[PDB]
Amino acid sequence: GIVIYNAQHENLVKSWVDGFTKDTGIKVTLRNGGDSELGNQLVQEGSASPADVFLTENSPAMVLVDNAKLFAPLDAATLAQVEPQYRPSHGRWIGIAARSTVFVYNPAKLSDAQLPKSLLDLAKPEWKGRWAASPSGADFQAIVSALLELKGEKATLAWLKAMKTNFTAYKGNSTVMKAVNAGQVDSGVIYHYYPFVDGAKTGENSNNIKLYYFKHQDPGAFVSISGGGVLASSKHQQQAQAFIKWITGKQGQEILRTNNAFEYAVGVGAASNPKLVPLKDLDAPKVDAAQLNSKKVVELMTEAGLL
């Protein structure tokens, strides 16, 4: 069978593997990890990697591995399954799900009149002490990579230095959301699925929050694309290609609609969970995922004292 370096959520990937192995008989072994850890591991391993497939929560780790020339081109027939806006034009990896950047806030602590028009507003002195993020994670760093692509290094560094002044760090986005929910901090920049996931459980980490979507093609409206790719070094290319085709096809994408992960489907004609704001309604900025640069983000965030 196949080895998957899996940086996606385990519940989601377990569902996919369940369906895939049932339908194909192809066995799957997961090596679970984080986006940056597994991306770095693949670059280090290069052609010696045992990995057949790489799955990520966000795009910068896909771009990293792609820039290292480690991905096999995906079959055209697989690529056609996913909307063009959720796959890089070069076709060496594919979107498998998406998540929206969101501003979570506690309406008891932050007035609606005071909601920011732009992610860039969070740099202003008016925002000092009011917002939280989890800077150590691939999730937030992918938002920063989008900011970098959209606005350039100078504007991005300036925003990051201001963030150092203004923001409060928590370890993990669910932690950020819990803090906001408890009123320990007024607001936070996370991804949209957190309160939905919590709502499907006990709801007690999310019962006091609301979500605000930046929209208007702002960097804060960034839709982060989860990626799937087949390693060029794979001994099982046919099976690896089949896995990516399966998860980006109807069987893979319907699971995104029905499960408790609340991440968006990216398949052509694929509906997402009915609780979610439709993707088209978010008015996300056009961001070339292949241009996203996790190394430069780490460099700039380190310069700003965030890492």
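Counting begins at 1, following the sequence as shown.
For the segment pair 106-114 and 229-237, the entry gives 106-114 the higher mean B-factor, averaged over Cα atoms. Note on 92-100 vs 179-187: mean CA B-factor is higher in 179-187.
If you compare the C-alpha temperature factors of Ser206, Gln217, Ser224, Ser134 in the entry, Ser206 comes out highest. As recorded in the PDB entry, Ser272 shows the highest C-alpha B-factor of the residues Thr248, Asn259, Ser59, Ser272. In the deposited entry, the Cα temperature factor of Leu38 places it in the middle third of its chain's modelled residues. Ranked by Cα temperature factor within the chain, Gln8 sits in the middle third according to the deposited record.
Ranked within its chain, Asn293 lands in the middle third, by CA B factor from the PDB record.
Ranked by C-alpha B-factor against the other modelled residues of its chain, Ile255 falls in the lowest third. Among all modelled residues in this chain, the alpha-carbon of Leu55 has a temperature factor (C-alpha) in the lowest third.
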